[PDB]
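The file start.txt comes next; it holds compact mmCIF, N, CA, C and O atoms.
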```
# COMPACT_ATOMS: atom_id res chain seq x y z
N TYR A 1 110.19 96.03 140.32
CA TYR A 1 110.58 97.02 139.33
C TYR A 1 109.43 97.99 139.06
O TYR A 1 108.33 97.57 138.70
N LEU A 2 109.70 99.28 139.24
CA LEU A 2 108.67 100.29 139.09
C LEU A 2 108.39 100.57 137.62
O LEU A 2 109.31 100.77 136.82
N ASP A 3 107.10 100.60 137.28
CA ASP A 3 106.66 100.85 135.92
C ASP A 3 105.57 101.91 135.95
O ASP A 3 105.36 102.55 136.98
N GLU A 4 104.88 102.11 134.83
CA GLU A 4 103.92 103.20 134.76
C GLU A 4 102.52 102.76 135.16
O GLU A 4 101.82 103.50 135.87
N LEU A 5 102.09 101.58 134.71
CA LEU A 5 100.71 101.17 134.96
C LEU A 5 100.47 100.86 136.42
O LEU A 5 99.39 101.18 136.94
N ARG A 6 101.44 100.27 137.10
CA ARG A 6 101.26 99.96 138.51
C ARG A 6 101.20 101.23 139.34
O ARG A 6 100.44 101.30 140.32
N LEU A 7 101.94 102.26 138.93
CA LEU A 7 101.84 103.54 139.60
C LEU A 7 100.51 104.21 139.29
O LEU A 7 100.00 104.97 140.12
N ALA A 8 99.93 103.95 138.11
CA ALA A 8 98.64 104.54 137.81
C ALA A 8 97.53 103.86 138.60
O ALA A 8 96.58 104.52 139.05
N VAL A 9 97.63 102.55 138.78
CA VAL A 9 96.63 101.82 139.56
C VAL A 9 96.79 102.11 141.04
O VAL A 9 95.81 102.08 141.80
N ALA A 10 98.00 102.44 141.48
CA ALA A 10 98.18 102.85 142.87
C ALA A 10 97.53 104.20 143.13
O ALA A 10 97.07 104.46 144.24
N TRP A 11 97.48 105.06 142.12
CA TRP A 11 96.68 106.27 142.18
C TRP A 11 95.28 105.89 141.72
O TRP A 11 94.96 104.72 141.52
N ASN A 12 94.41 106.87 141.50
CA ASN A 12 93.07 106.55 141.04
C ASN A 12 92.79 107.18 139.69
O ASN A 12 91.66 107.14 139.21
N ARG A 13 93.81 107.75 139.06
CA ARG A 13 93.62 108.48 137.82
C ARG A 13 93.44 107.50 136.67
O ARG A 13 94.22 106.57 136.52
N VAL A 14 92.40 107.72 135.87
CA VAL A 14 92.10 106.85 134.75
C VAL A 14 92.73 107.36 133.47
O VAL A 14 93.18 106.56 132.64
N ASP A 15 92.83 108.68 133.31
CA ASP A 15 93.32 109.28 132.07
C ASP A 15 94.77 108.96 131.78
O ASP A 15 95.17 108.94 130.61
N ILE A 16 95.57 108.71 132.82
CA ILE A 16 96.95 108.29 132.61
C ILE A 16 96.99 106.93 131.94
O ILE A 16 97.74 106.72 130.98
N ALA A 17 96.15 106.00 132.41
CA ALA A 17 96.04 104.71 131.75
C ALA A 17 95.43 104.84 130.36
O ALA A 17 95.82 104.10 129.45
N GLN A 18 94.49 105.79 130.19
CA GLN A 18 93.91 106.07 128.88
C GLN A 18 94.97 106.47 127.87
O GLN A 18 95.06 105.90 126.78
N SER A 19 95.81 107.43 128.24
CA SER A 19 96.83 107.93 127.32
C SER A 19 97.92 106.89 127.10
O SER A 19 98.40 106.73 125.98
N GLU A 20 98.31 106.19 128.17
CA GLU A 20 99.38 105.20 128.04
C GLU A 20 98.93 104.02 127.19
O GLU A 20 99.72 103.49 126.40
N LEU A 21 97.67 103.61 127.31
CA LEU A 21 97.21 102.47 126.54
C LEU A 21 96.92 102.87 125.09
O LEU A 21 97.35 102.18 124.16
N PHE A 22 96.21 103.98 124.88
CA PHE A 22 95.77 104.33 123.54
C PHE A 22 96.89 104.97 122.72
O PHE A 22 96.81 105.01 121.49
N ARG A 23 97.92 105.50 123.38
CA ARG A 23 99.03 106.10 122.66
C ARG A 23 99.84 105.02 121.96
O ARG A 23 100.20 104.00 122.55
N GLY A 24 100.14 105.26 120.69
CA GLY A 24 100.80 104.28 119.86
C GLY A 24 102.30 104.39 119.78
O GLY A 24 102.90 103.78 118.89
N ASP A 25 102.93 105.16 120.68
CA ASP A 25 104.38 105.35 120.61
C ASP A 25 105.13 104.07 120.96
O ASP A 25 106.11 103.72 120.31
N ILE A 26 104.67 103.35 121.99
CA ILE A 26 105.32 102.12 122.43
C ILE A 26 104.29 101.00 122.39
O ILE A 26 103.18 101.15 122.92
N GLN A 27 104.66 99.89 121.76
CA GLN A 27 103.82 98.71 121.80
C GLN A 27 103.89 98.07 123.18
O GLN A 27 104.97 97.91 123.74
N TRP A 28 102.74 97.71 123.72
CA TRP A 28 102.66 97.19 125.08
C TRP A 28 102.90 95.69 125.10
O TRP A 28 102.48 94.97 124.19
N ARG A 29 103.55 95.23 126.15
CA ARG A 29 103.86 93.82 126.32
C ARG A 29 102.71 93.13 127.05
O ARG A 29 101.62 93.69 127.19
N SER A 30 102.94 91.91 127.50
CA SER A 30 101.93 91.14 128.22
C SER A 30 102.20 91.04 129.71
O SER A 30 101.25 90.93 130.49
N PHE A 31 103.47 91.10 130.11
CA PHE A 31 103.83 90.92 131.52
C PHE A 31 103.33 92.08 132.37
O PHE A 31 102.94 91.87 133.53
N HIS A 32 103.32 93.29 131.81
CA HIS A 32 102.87 94.46 132.56
C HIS A 32 101.40 94.35 132.89
O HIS A 32 100.99 94.57 134.04
N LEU A 33 100.58 93.98 131.91
CA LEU A 33 99.16 93.81 132.13
C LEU A 33 98.88 92.64 133.07
O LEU A 33 98.06 92.76 133.99
N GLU A 34 99.60 91.54 132.87
CA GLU A 34 99.38 90.34 133.68
C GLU A 34 99.78 90.56 135.13
O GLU A 34 99.24 89.91 136.03
N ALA A 35 100.72 91.46 135.38
CA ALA A 35 101.05 91.76 136.76
C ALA A 35 100.09 92.78 137.35
O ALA A 35 99.64 92.63 138.49
N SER A 36 99.74 93.81 136.58
CA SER A 36 98.98 94.93 137.13
C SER A 36 97.52 94.59 137.38
O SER A 36 96.89 95.25 138.22
N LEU A 37 96.97 93.60 136.69
CA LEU A 37 95.60 93.18 136.98
C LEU A 37 95.47 92.62 138.39
O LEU A 37 94.44 92.81 139.05
N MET A 38 96.53 91.97 138.88
CA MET A 38 96.53 91.44 140.23
C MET A 38 96.45 92.56 141.26
O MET A 38 95.78 92.42 142.29
N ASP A 39 97.10 93.68 140.98
CA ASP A 39 97.00 94.79 141.92
C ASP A 39 95.70 95.55 141.73
O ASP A 39 95.26 96.25 142.64
N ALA A 40 95.09 95.44 140.55
CA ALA A 40 93.82 96.12 140.34
C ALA A 40 92.69 95.41 141.07
O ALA A 40 91.75 96.06 141.54
N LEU A 41 92.76 94.09 141.18
CA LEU A 41 91.66 93.36 141.80
C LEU A 41 91.63 93.51 143.31
O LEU A 41 90.56 93.41 143.92
N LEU A 42 92.77 93.75 143.95
CA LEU A 42 92.83 93.71 145.40
C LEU A 42 92.28 94.98 146.03
O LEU A 42 91.54 94.91 147.02
N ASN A 43 92.61 96.14 145.48
CA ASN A 43 92.28 97.41 146.10
C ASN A 43 90.93 97.96 145.67
O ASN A 43 90.64 99.13 145.97
N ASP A 44 90.12 97.15 144.99
CA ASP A 44 88.73 97.46 144.61
C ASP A 44 88.65 98.73 143.74
O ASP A 44 88.09 99.75 144.13
N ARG A 45 89.24 98.62 142.56
CA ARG A 45 89.20 99.68 141.56
C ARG A 45 88.44 99.15 140.36
O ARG A 45 89.04 98.69 139.38
N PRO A 46 87.10 99.20 140.39
CA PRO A 46 86.31 98.53 139.35
C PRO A 46 86.36 99.19 138.00
O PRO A 46 86.06 98.54 137.00
N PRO B 1 85.43 79.21 93.70
CA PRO B 1 85.06 80.07 94.83
C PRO B 1 83.58 80.35 94.92
O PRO B 1 83.16 80.99 95.90
N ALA B 2 82.78 79.92 93.95
CA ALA B 2 81.34 80.05 94.07
C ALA B 2 80.82 79.24 95.24
O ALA B 2 79.90 79.67 95.95
N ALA B 3 81.45 78.09 95.51
CA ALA B 3 81.06 77.27 96.64
C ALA B 3 81.37 77.96 97.96
O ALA B 3 80.55 77.93 98.89
N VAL B 4 82.52 78.62 98.06
CA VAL B 4 82.85 79.23 99.34
C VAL B 4 82.06 80.51 99.55
O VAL B 4 81.69 80.84 100.68
N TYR B 5 81.70 81.21 98.47
CA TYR B 5 80.82 82.36 98.61
C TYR B 5 79.42 81.94 99.04
O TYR B 5 78.80 82.60 99.88
N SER B 6 78.93 80.83 98.48
CA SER B 6 77.63 80.31 98.90
C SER B 6 77.68 79.81 100.33
O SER B 6 76.68 79.91 101.05
N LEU B 7 78.83 79.29 100.76
CA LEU B 7 78.99 78.90 102.16
C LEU B 7 78.90 80.09 103.09
O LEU B 7 78.20 80.04 104.10
N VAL B 8 79.60 81.18 102.75
CA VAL B 8 79.65 82.33 103.65
C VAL B 8 78.32 83.06 103.67
O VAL B 8 77.86 83.51 104.73
N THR B 9 77.64 83.14 102.53
CA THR B 9 76.36 83.83 102.52
C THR B 9 75.27 82.99 103.16
O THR B 9 74.51 83.48 104.00
N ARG B 10 75.17 81.71 102.79
CA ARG B 10 74.01 80.92 103.17
C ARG B 10 74.12 80.33 104.58
O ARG B 10 73.28 80.62 105.44
N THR B 11 75.14 79.51 104.82
CA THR B 11 75.19 78.71 106.04
C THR B 11 75.50 79.56 107.26
O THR B 11 74.69 79.66 108.19
N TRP B 12 76.68 80.17 107.28
CA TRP B 12 77.03 81.11 108.32
C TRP B 12 76.17 82.37 108.18
O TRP B 12 75.67 82.69 107.11
N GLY B 13 76.02 83.09 109.28
CA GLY B 13 75.02 84.14 109.30
C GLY B 13 75.42 85.48 108.73
O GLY B 13 74.92 86.51 109.19
N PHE B 14 76.30 85.52 107.74
CA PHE B 14 76.76 86.80 107.23
C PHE B 14 75.83 87.32 106.15
O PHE B 14 75.30 86.56 105.34
N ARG B 15 75.65 88.63 106.14
CA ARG B 15 74.87 89.31 105.11
C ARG B 15 75.75 89.56 103.90
O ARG B 15 76.98 89.66 104.02
N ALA B 16 75.12 89.65 102.74
CA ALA B 16 75.86 89.88 101.51
C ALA B 16 76.43 91.29 101.52
O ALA B 16 75.75 92.23 101.94
N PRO B 17 77.67 91.47 101.08
CA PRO B 17 78.33 92.76 101.27
C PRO B 17 77.92 93.78 100.22
O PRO B 17 77.39 93.46 99.16
N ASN B 18 78.21 95.05 100.55
CA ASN B 18 78.03 96.16 99.63
C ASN B 18 79.33 96.72 99.09
O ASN B 18 79.32 97.35 98.03
N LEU B 19 80.44 96.53 99.80
CA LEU B 19 81.70 97.13 99.39
C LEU B 19 82.85 96.29 99.91
O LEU B 19 82.88 95.96 101.10
N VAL B 20 83.78 95.96 99.04
CA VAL B 20 84.93 95.13 99.39
C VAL B 20 86.19 95.94 99.13
O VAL B 20 86.58 96.13 97.97
N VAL B 21 86.81 96.44 100.19
CA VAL B 21 88.13 97.02 100.09
C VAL B 21 89.12 95.96 100.51
O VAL B 21 88.78 95.01 101.21
N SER B 22 90.35 96.09 100.04
CA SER B 22 91.36 95.09 100.38
C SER B 22 92.68 95.80 100.68
O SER B 22 93.33 96.33 99.77
N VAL B 23 93.03 95.84 101.96
CA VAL B 23 94.32 96.38 102.39
C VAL B 23 95.41 95.42 101.96
O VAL B 23 95.41 94.25 102.33
N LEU B 24 96.36 95.92 101.18
CA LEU B 24 97.35 94.99 100.64
C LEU B 24 98.71 95.69 100.61
O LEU B 24 99.05 96.37 99.65
N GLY B 25 99.47 95.49 101.68
CA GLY B 25 100.78 96.12 101.78
C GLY B 25 101.62 95.46 102.85
O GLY B 25 101.14 94.62 103.61
N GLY B 26 102.89 95.83 102.87
CA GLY B 26 103.78 95.39 103.92
C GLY B 26 104.71 96.49 104.39
O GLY B 26 105.50 97.02 103.61
N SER B 27 104.63 96.84 105.67
CA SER B 27 105.55 97.81 106.25
C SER B 27 106.80 97.16 106.82
O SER B 27 107.76 97.87 107.14
N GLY B 28 106.82 95.83 106.95
CA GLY B 28 107.91 95.12 107.56
C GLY B 28 107.82 94.95 109.06
O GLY B 28 108.60 94.18 109.63
N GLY B 29 106.89 95.63 109.73
CA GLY B 29 106.74 95.51 111.16
C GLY B 29 107.34 96.49 112.18
O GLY B 29 107.35 96.15 113.37
N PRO B 30 107.84 97.68 111.83
CA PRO B 30 108.02 98.69 112.88
C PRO B 30 106.72 99.40 113.19
O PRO B 30 105.68 99.15 112.58
N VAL B 31 106.78 100.29 114.18
CA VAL B 31 105.64 101.13 114.47
C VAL B 31 105.55 102.22 113.41
O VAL B 31 106.55 102.85 113.05
N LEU B 32 104.34 102.44 112.90
CA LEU B 32 104.11 103.40 111.83
C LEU B 32 103.98 104.81 112.40
O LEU B 32 103.65 105.00 113.57
N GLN B 33 104.25 105.80 111.56
CA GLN B 33 104.10 107.18 111.97
C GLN B 33 102.62 107.53 112.12
O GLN B 33 101.74 106.84 111.61
N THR B 34 102.37 108.64 112.82
CA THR B 34 101.08 108.84 113.48
C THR B 34 99.94 109.12 112.51
O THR B 34 98.80 108.72 112.78
N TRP B 35 100.21 109.78 111.39
CA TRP B 35 99.10 110.10 110.50
C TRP B 35 98.63 108.89 109.71
O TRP B 35 97.47 108.88 109.28
N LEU B 36 99.46 107.86 109.55
CA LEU B 36 98.95 106.61 109.01
C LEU B 36 98.00 105.93 109.98
O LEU B 36 96.99 105.35 109.57
N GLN B 37 98.31 106.00 111.28
CA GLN B 37 97.38 105.50 112.28
C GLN B 37 96.09 106.30 112.28
O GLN B 37 95.00 105.74 112.43
N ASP B 38 96.19 107.61 112.05
CA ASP B 38 94.99 108.44 111.94
C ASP B 38 94.17 108.06 110.71
O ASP B 38 92.94 108.03 110.77
N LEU B 39 94.84 107.73 109.61
CA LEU B 39 94.13 107.35 108.39
C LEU B 39 93.40 106.03 108.56
O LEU B 39 92.22 105.92 108.25
N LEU B 40 94.09 105.01 109.06
CA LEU B 40 93.41 103.73 109.25
C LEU B 40 92.44 103.73 110.42
O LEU B 40 91.61 102.82 110.50
N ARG B 41 92.56 104.73 111.30
CA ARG B 41 91.68 104.88 112.45
C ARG B 41 90.46 105.78 112.16
O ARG B 41 89.52 105.81 112.95
N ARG B 42 90.48 106.50 111.04
CA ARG B 42 89.37 107.36 110.68
C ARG B 42 88.70 106.98 109.37
O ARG B 42 87.47 107.03 109.28
N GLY B 43 89.46 106.59 108.36
CA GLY B 43 88.91 106.40 107.03
C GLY B 43 88.45 105.00 106.68
O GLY B 43 87.44 104.85 105.98
N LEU B 44 89.16 103.97 107.12
CA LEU B 44 88.81 102.60 106.76
C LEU B 44 88.04 101.87 107.83
O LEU B 44 87.91 100.65 107.75
N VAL B 45 87.59 102.55 108.86
CA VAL B 45 86.74 101.93 109.87
C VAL B 45 85.40 102.63 109.96
O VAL B 45 84.34 101.98 109.99
N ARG B 46 85.41 103.96 109.96
CA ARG B 46 84.16 104.70 110.01
C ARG B 46 83.36 104.50 108.73
O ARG B 46 82.15 104.25 108.78
N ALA B 47 84.03 104.55 107.58
CA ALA B 47 83.35 104.24 106.33
C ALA B 47 82.97 102.78 106.25
O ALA B 47 81.97 102.43 105.62
N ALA B 48 83.72 101.91 106.92
CA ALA B 48 83.47 100.49 106.81
C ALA B 48 82.37 99.99 107.72
O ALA B 48 81.88 98.88 107.51
```

Output the structure of this file as structure tokens.
Amino acid sequence: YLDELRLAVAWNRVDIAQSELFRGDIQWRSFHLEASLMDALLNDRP
Amino acid sequence: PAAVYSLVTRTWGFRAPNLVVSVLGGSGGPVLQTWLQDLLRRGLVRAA
């Protein structure tokens, strides 16, 4: 299932994650972060 | 509460305070509108 954070990590843009995380319009869940960290570790995005 | 104040000041490493504010309210748990987030994000943390 396509979401926003995994598409941001597939790109290299940080500001999209900045705005999506710091923006208070939608409260963030846990499954999105727990899945996307796995894709962050593999492609060497420190 | 004199005992618990002496506990917090003496044993644990906390310094004695200068100002005690107390947030005391209930919104019920929806997401708040944006200028309340600006208020608690600018006024009660920078001053604190």

One-decimal distance in Å that lies between atom N of residue 31 in chain B and atom N of residue 27 in chain A: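 Distance between the two atoms: 7.9 Å.
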
Atom-to-atom span, atom C of residue 47 in chain B and CA of residue 22 in chain B, Å: 12.8 Å

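The interface of chain B with chain A at 12 Å, considering only C-alpha atoms, consists of residues 29, 30, 31, 32, 33, 34, 35, 36, 37, 38 and 41 of chain B.
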
Store the residues picked out above in a file with N, CA, C and O atoms, as a compact mmCIF listing (two decimals), in the coordinates of the input.
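The resulting file, again36.txt, is reproduced below:
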```
# COMPACT_ATOMS: atom_id res chain seq x y z
N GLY B 29 106.89 95.63 109.73
CA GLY B 29 106.74 95.51 111.16
C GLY B 29 107.34 96.49 112.18
O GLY B 29 107.35 96.15 113.37
N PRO B 30 107.84 97.68 111.83
CA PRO B 30 108.02 98.69 112.88
C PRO B 30 106.72 99.40 113.19
O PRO B 30 105.68 99.15 112.58
N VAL B 31 106.78 100.29 114.18
CA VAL B 31 105.64 101.13 114.47
C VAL B 31 105.55 102.22 113.41
O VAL B 31 106.55 102.85 113.05
N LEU B 32 104.34 102.44 112.90
CA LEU B 32 104.11 103.40 111.83
C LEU B 32 103.98 104.81 112.40
O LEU B 32 103.65 105.00 113.57
N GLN B 33 104.25 105.80 111.56
CA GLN B 33 104.10 107.18 111.97
C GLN B 33 102.62 107.53 112.12
O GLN B 33 101.74 106.84 111.61
N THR B 34 102.37 108.64 112.82
CA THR B 34 101.08 108.84 113.48
C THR B 34 99.94 109.12 112.51
O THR B 34 98.80 108.72 112.78
N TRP B 35 100.21 109.78 111.39
CA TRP B 35 99.10 110.10 110.50
C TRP B 35 98.63 108.89 109.71
O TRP B 35 97.47 108.88 109.28
N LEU B 36 99.46 107.86 109.55
CA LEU B 36 98.95 106.61 109.01
C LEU B 36 98.00 105.93 109.98
O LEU B 36 96.99 105.35 109.57
N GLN B 37 98.31 106.00 111.28
CA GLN B 37 97.38 105.50 112.28
C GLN B 37 96.09 106.30 112.28
O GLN B 37 95.00 105.74 112.43
N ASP B 38 96.19 107.61 112.05
CA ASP B 38 94.99 108.44 111.94
C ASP B 38 94.17 108.06 110.71
O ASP B 38 92.94 108.03 110.77
N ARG B 41 92.56 104.73 111.30
CA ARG B 41 91.68 104.88 112.45
C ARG B 41 90.46 105.78 112.16
O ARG B 41 89.52 105.81 112.95
```

Write out as a list in words the set of residues from chain A that DSSP, computed on the backbone, places in alpha helix (DSSP H). residues 5, 6, 7, 8, 9, 10, 15, 16, 17, 18, 19, 20, 21, 22, 31, 32, 33, 34, 35, 36, 37, 38, 39, 40, 41 and 42 of chain A

Deliver the residues from the most recent selection as a file, using N, CA, C and O atoms, as a tab-separated table (two decimals), in the coordinates of the input.
```tsv
chain	number	residue	atom	x	y	z
A	5	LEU	N	102.09	101.58	134.71
A	5	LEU	CA	100.71	101.17	134.96
A	5	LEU	C	100.47	100.86	136.42
A	5	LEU	O	99.39	101.18	136.94
A	6	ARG	N	101.44	100.27	137.10
A	6	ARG	CA	101.26	99.96	138.51
A	6	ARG	C	101.20	101.23	139.34
A	6	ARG	O	100.44	101.30	140.32
A	7	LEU	N	101.94	102.26	138.93
A	7	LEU	CA	101.84	103.54	139.60
A	7	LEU	C	100.51	104.21	139.29
A	7	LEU	O	100.00	104.97	140.12
A	8	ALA	N	99.93	103.95	138.11
A	8	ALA	CA	98.64	104.54	137.81
A	8	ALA	C	97.53	103.86	138.60
A	8	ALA	O	96.58	104.52	139.05
A	9	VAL	N	97.63	102.55	138.78
A	9	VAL	CA	96.63	101.82	139.56
A	9	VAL	C	96.79	102.11	141.04
A	9	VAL	O	95.81	102.08	141.80
A	10	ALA	N	98.00	102.44	141.48
A	10	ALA	CA	98.18	102.85	142.87
A	10	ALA	C	97.53	104.20	143.13
A	10	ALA	O	97.07	104.46	144.24
A	15	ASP	N	92.83	108.68	133.31
A	15	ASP	CA	93.32	109.28	132.07
A	15	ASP	C	94.77	108.96	131.78
A	15	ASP	O	95.17	108.94	130.61
A	16	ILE	N	95.57	108.71	132.82
A	16	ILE	CA	96.95	108.29	132.61
A	16	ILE	C	96.99	106.93	131.94
A	16	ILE	O	97.74	106.72	130.98
A	17	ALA	N	96.15	106.00	132.41
A	17	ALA	CA	96.04	104.71	131.75
A	17	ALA	C	95.43	104.84	130.36
A	17	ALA	O	95.82	104.10	129.45
A	18	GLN	N	94.49	105.79	130.19
A	18	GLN	CA	93.91	106.07	128.88
A	18	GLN	C	94.97	106.47	127.87
A	18	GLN	O	95.06	105.90	126.78
A	19	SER	N	95.81	107.43	128.24
A	19	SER	CA	96.83	107.93	127.32
A	19	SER	C	97.92	106.89	127.10
A	19	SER	O	98.40	106.73	125.98
A	20	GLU	N	98.31	106.19	128.17
A	20	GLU	CA	99.38	105.20	128.04
A	20	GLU	C	98.93	104.02	127.19
A	20	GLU	O	99.72	103.49	126.40
A	21	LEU	N	97.67	103.61	127.31
A	21	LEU	CA	97.21	102.47	126.54
A	21	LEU	C	96.92	102.87	125.09
A	21	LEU	O	97.35	102.18	124.16
A	22	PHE	N	96.21	103.98	124.88
A	22	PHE	CA	95.77	104.33	123.54
A	22	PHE	C	96.89	104.97	122.72
A	22	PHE	O	96.81	105.01	121.49
A	31	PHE	N	103.47	91.10	130.11
A	31	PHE	CA	103.83	90.92	131.52
A	31	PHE	C	103.33	92.08	132.37
A	31	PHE	O	102.94	91.87	133.53
A	32	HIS	N	103.32	93.29	131.81
A	32	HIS	CA	102.87	94.46	132.56
A	32	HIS	C	101.40	94.35	132.89
A	32	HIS	O	100.99	94.57	134.04
A	33	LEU	N	100.58	93.98	131.91
A	33	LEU	CA	99.16	93.81	132.13
A	33	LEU	C	98.88	92.64	133.07
A	33	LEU	O	98.06	92.76	133.99
A	34	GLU	N	99.60	91.54	132.87
A	34	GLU	CA	99.38	90.34	133.68
A	34	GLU	C	99.78	90.56	135.13
A	34	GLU	O	99.24	89.91	136.03
A	35	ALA	N	100.72	91.46	135.38
A	35	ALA	CA	101.05	91.76	136.76
A	35	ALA	C	100.09	92.78	137.35
A	35	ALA	O	99.64	92.63	138.49
A	36	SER	N	99.74	93.81	136.58
A	36	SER	CA	98.98	94.93	137.13
A	36	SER	C	97.52	94.59	137.38
A	36	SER	O	96.89	95.25	138.22
A	37	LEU	N	96.97	93.60	136.69
A	37	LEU	CA	95.60	93.18	136.98
A	37	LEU	C	95.47	92.62	138.39
A	37	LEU	O	94.44	92.81	139.05
A	38	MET	N	96.53	91.97	138.88
A	38	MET	CA	96.53	91.44	140.23
A	38	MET	C	96.45	92.56	141.26
A	38	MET	O	95.78	92.42	142.29
A	39	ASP	N	97.10	93.68	140.98
A	39	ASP	CA	97.00	94.79	141.92
A	39	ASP	C	95.70	95.55	141.73
A	39	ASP	O	95.26	96.25	142.64
A	40	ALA	N	95.09	95.44	140.55
A	40	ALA	CA	93.82	96.12	140.34
A	40	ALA	C	92.69	95.41	141.07
A	40	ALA	O	91.75	96.06	141.54
A	41	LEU	N	92.76	94.09	141.18
A	41	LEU	CA	91.66	93.36	141.80
A	41	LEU	C	91.63	93.51	143.31
A	41	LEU	O	90.56	93.41	143.92
A	42	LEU	N	92.77	93.75	143.95
A	42	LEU	CA	92.83	93.71	145.40
A	42	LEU	C	92.28	94.98	146.03
A	42	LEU	O	91.54	94.91	147.02
```

Using only N, CA, C and O atoms, which residues sit within 8 Å of residue 16 in chain A once same-chain residues fewer than 5 positions away are excluded, as a PyMOL selection string? chain A and resi 4-5+8+21-23

Work out how far atom O of residue 40 in chain B is from atom C of residue 26 in chain B, in Å to one decimal.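 Rounded to one decimal, the two atoms are 15.8 Å apart.
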